[PDB]
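All remarks here apply to the structure that follows.
Below, all heavy atoms of this structure are taken into account, side chains as well, without hydrogens, waters or symmetry copies. Residue numbers start from 1 in every chain, and the chains themselves are labelled A, B, ... in the order their sequence lines are given, proteins ahead of strands.
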Amino acid sequence: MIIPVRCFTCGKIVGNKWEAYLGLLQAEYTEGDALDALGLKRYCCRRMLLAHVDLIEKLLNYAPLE
Amino acid sequence: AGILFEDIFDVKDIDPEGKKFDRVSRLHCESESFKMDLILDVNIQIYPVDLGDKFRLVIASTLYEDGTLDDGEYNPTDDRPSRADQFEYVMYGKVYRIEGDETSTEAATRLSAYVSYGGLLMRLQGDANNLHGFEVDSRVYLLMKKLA
Amino acid sequence: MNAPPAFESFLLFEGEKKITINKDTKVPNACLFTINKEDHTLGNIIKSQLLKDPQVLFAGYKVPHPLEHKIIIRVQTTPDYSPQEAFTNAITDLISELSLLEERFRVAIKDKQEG
Amino acid sequence: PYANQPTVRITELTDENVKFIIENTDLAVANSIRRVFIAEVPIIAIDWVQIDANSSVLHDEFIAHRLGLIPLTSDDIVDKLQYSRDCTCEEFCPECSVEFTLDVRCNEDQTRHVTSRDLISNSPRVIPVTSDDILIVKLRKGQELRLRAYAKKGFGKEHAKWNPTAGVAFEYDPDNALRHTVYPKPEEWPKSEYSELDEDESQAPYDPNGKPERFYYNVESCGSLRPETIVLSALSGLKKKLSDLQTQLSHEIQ
Ligand SMILES: [Zn+2]
Ligand SMILES: [Zn+2]
C-alpha cells in the first residue's frame, strides 16, 4: 500500500528511503547499486525496497469523498 | 584392589568397517601377555588414538582403590584418592553379556565379556581364567592410559 | 480476542510473588525457585553462574510453558552450603560482573571517542 | 566460584552502530546481553494516537500503527522519564509522556507528503530522528490528516516499536574451534569477517579444553538512541533486574 516504516525482520528504518530509491532509479542506477547507495546491506532490508509495490499512488487517483 | 582385569594392549586396527560415527571409532586391539582380543568403541575426538599405539588397560569394580563401593552416582566433589588420576581415558559401563565356548558337558575355556559404556560397546575375548571377575549386570570402570 | 495483553509478560499483578522457594524432598539440599514474569534472560545467566560454583552439585532451569511466564530453577548443593546461599552468591557475582563491564565499556567509549 | 573479569575492546564506533568484543565471559552472559539489547532497553515511542480528522486513503489504525513505528530521539530523556502506568496523573503529564501534534491539510493540487517533519513535539529533546524524513501518508487535494499523539517509555519486550536495535550481529568462535557447529563440508563455507585462518584451512583444529569466549558484537541503532547509549542502558537494566531479583529473594528468605 505504502512503504513500511521499519524493516519487518531487523527493524531498520526503511520508510524514509522510498522516494530516494525511486530518485536513484531515475538516475539510471541498477537496483543493486541503488540499494547499496542507500546503505541496505542485509538482504532482509533490501527485500523490502526491492519488492515494495506502491499502491497509494494509484489510490490517490480517486477523488476524496471529503 | 577391586581390579577385575589389567593388561597392556596394542591397537591393531582403528575403524575396520569404514567410518560410521564421526567422533567414535571401534578400536581392535591385541594383548601381548594375556592374548585377549579387544574390541572397544573410543571417543577419538577428545582422546585421539591412531594405529599401532599402545596402552595399559584396567577394568575395575571401583575407583577408590579401597574396596569402597562407588554408589553408581556422579559425585564431582570427591576427596578420596581416585584410581582415575593414574589414567588418561576413563569410562563407566555395565557388563551385559558373558558368552563362552562351554558345552552342556564341560565348562568354558574361552569367554567373551561384553560391556556398554553408555552405548560405546566393548568386547573382551580370551581364556576364562582372566575373566572370572566379570559377572553380568555389574558396573565396571575402564581405565586406559597410552604407553610410550 | 483471546490475545493476552502485551504487558503481562514482565508485570506482576496483585498478590503475585516475584520469587518462591520450595524444598525438593526427593534429594537433600535441593531447592526449586519459581520466578514469575521472567524468561531465558535471567534463567540462562543464573544457571551459568551457578554452574561456575564448585559446591553446586546441580543447577538447571526451565520455562514450563512459553505462553506462560515462569522459570523454575532447580539448585542442588553440597550438604554444607545451602541452595539459597548459592543463589544469592550467584546473583551478587553477576551484579559485580555487569558493574565491572559497565565501567570498562565506559572507559572503552571514552578511549575510542578521544582516539 | 565468582565472576569472570570481562574485558571490552571497541573495534568500530559510528553514529549508527558500535562494534566491540567481550573476552573472559561465559556464553550465557553474552547472550543475555544481546537479548537485553533487543528487548529490554527502554526508549520513547508513540502510543495513544487520538485522531481528530483523517480523510486520507489509509484508515485510522493504519496511520496510528505507522506513527508508532517512528523512532524518536530519546538519548538522555528516557532515563529520567517514568513509565506511564507508574505515574500519578491522567496518564499524560510531562514526567511520563511527550505530546505530539500533527495537522496537515493538502490544498495544492500536487500530492502532499505527510512526513515525520510534520510531527511537532512539545519537548525539543524528543523529535523524530530523521529531523530524508519518514513518510507517514500521501494526501490528495482536499484531504486532511489532523491528530494528536503522545510518546511513552517502553521497551522492546512489550512491543517492537520500543526495540532500539536495527539488527544486533552476535558471533563467537569464528573458526569453529569448539565444533559447536559441524560442517558436513567445511571447505564450502565462507570465512567470517573475524576469522583468523589462512586460505588453505576451513576450520581451526579442534580444541577439547576450549570454552566460548571473545564474543563479537555489532549493535546497529535504529536512531532513537546512540549505540553506546544502547549498550550502557542495556547493562544498567540487566544489573537493575538482577538487583531487584536479589531484593525479592532476600525478602522471601527472611
Ligand atoms: Zn532488515
Ligand atoms: Zn504522568
Side-chain angles (χ1 to χ4, degrees), chain C residues 5-12 17-21 33 35-56 61 81-82 84-113 115, chain D residues 1-13 18-22 24-36 38-40 83 85 154-155 157-160 162 226-229 231-253:
Chain C
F7 55 79
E8 62 157 45
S9 62
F10 52 90
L11 279 185
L12 290 166
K17 286 293 192 183
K18 181 55 175 183
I19 177 159
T20 306
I21 317 181
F33 308 90
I35 307 101
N36 303 277
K37 309 297 170 181
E38 291 295 344
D39 61 331
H40 307 265
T41 318
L42 300 194
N44 190 33
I45 190 175
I46 292 162
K47 176 223 176 184
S48 71
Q49 181 55 229
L50 279 167
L51 289 180
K52 290 187 64 47
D53 189 295
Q55 291 181 271
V56 170
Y61 86 105
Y81 193 54
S82 68
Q84 299 90 343
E85 186 174 10
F87 209 98
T88 55
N89 292 336
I91 286 172
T92 58
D93 296 347
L94 289 173
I95 289 166
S96 70
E97 185 171 14
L98 296 175
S99 72
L100 177 61
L101 193 49
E102 282 184 40
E103 291 186 350
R104 293 182 180 180
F105 204 88
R106 288 176 189 283
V107 169
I109 292 157
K110 291 191 194 76
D111 300 341
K112 188 69 180 181
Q113 288 176 340
Chain D
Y2 294 104
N4 304 295
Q5 309 305 88
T7 63
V8 171
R9 170 172 50 186
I10 290 170
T11 303
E12 164 173 357
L13 173 53
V18 59
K19 194 185 289 188
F20 58 95
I21 311 173
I22 306 184
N24 314 130
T25 318
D26 60 75
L27 174 59
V29 170
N31 177 53
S32 66
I33 286 162
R34 185 269 308 172
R35 179 167 271 266
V36 166
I38 292 175
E40 286 287 323
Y83 297 93
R85 57 183 34 71
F155 40 79
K157 163 171 283 296
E158 185 164 11
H159 192 258
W162 285 293
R226 306 185 57 72
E228 63 276 28
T229 310
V231 180
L232 294 172
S233 180
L235 299 179
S236 300
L238 185 53
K239 183 176 71 173
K240 196 165 188 169
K241 273 161 64 61
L242 293 175
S243 66
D244 300 1
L245 178 56
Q246 190 178 346
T247 294
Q248 300 302 289
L249 177 59
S250 70
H251 283 294
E252 194 68 24
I253 293 161

(Q) Measuring only between side-chain heavy atoms, which start at C-beta, is D:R85 closer than 4.5 Å to C:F7? (A) yes
Q: Enter the distance from D:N31:CG to C:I45:CD1 here, rounded to the nearest 0.5 Å.
A: 9.5 Å
Q.
Could you check whether any side-chain heavy atom of C:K52 comes within less than 4.5 Å of a side-chain heavy atom of D:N4, counting everything from C-beta outward?
A. yes
Q: Heavy-atom distances under 4.5 Å only: say whether C:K47 touches chain D with side chain, backbone, both or neither.
A: neither
Q. Can you tell me how far the OG1 atom of C:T41 sits from the CD atom of D:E40, to the nearest 0.5 Å?
A. 6.0 Å
Q. If we only count heavy atoms from C-beta on, is the D:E252 to C:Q84 side-chain gap below 4.5 Å?
A. no
Q. Are D:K157 and C:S9 close enough that some pair of their side-chain heavy atoms sits under 4.5 Å apart?
A. yes
Q: Measure distances from D:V36 to the heavy atoms of chain C and classify the residue's part below 4.5 Å as side chain, backbone, both or neither.
A: side chain
Q. When rounded to the nearest 0.5 angstrom, what is the spacing between CG in D:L242 and CG in C:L94?
A. 5.5 Å
Q) Given C:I95 and D:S243, is the side-chain contact (heavy atoms from CB on, under 4.5 Å) satisfied, shown in steps? A) CA-CA 7 Å; C:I95 289 166; D:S243 66; 4.2 Å; yes
Q: Measure C:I35 against the heavy atoms of chain D and call it side chain, backbone, both or neither at under 4.5 Å.
A: side chain
**Q.** Close side-chain approach of C:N44 and D:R35, heavy atoms under 4.5 Å
**A.** no
Q) Are the side chains of C:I109 and D:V18 in touch, meaning some heavy atoms are under 4.5 Å apart? A) no
Q: List the atom of C:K112, the atom of D:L13, and the distance in Å for their closest heavy-atom pair.
A: CG-CB, 3.9 Å
**Q.** Pairs where residues 88-105 of chain C contributes a residue and the test salt bridge (charged side-chain N to carboxylate O under 4.0 Å, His left out) is met, not counting sequence neighbours
**A.** C:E102-D:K239
Q.
I want to check something: taking the side chain as every heavy atom from C-beta on, are D:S250 and C:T88 in contact at a cut-off of under 4.5 Å?
A. no
Q: Under 4.5 Å, counting heavy-atom pairs only, tell me which of D:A30, D:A234, D:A39, D:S236 racks up the most with chain C.
A: D:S236
Q) Which answer fits D:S233, side chain, backbone, both or neither, if we ask what part of it has an atom under 4.5 Å from a heavy atom of chain C? A) neither
Q) In terms of heavy-atom proximity below 4.5 Å to chain D, should C:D111 be classed as side chain, backbone, both, or neither? A) neither
(Q) Counting only non-hydrogen atoms closer than 4.5 Å, does C:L100 touch chain D with its backbone (N, CA, C, O), its side chain (CB onward), both, or neither? (A) side chain
Q) Taking the side chain as C-beta and beyond, is there a heavy-atom pair between D:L245 and C:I46 under 4.5 Å? A) yes
Q. Relative to chain D, which segment of C:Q55 carries a heavy atom at a distance below 4.5 Å: side chain, backbone, both, or neither?
A. neither
Q | Basic-acidic side-chain contact under 4.0 Å: D:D244, C:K18 | A | no
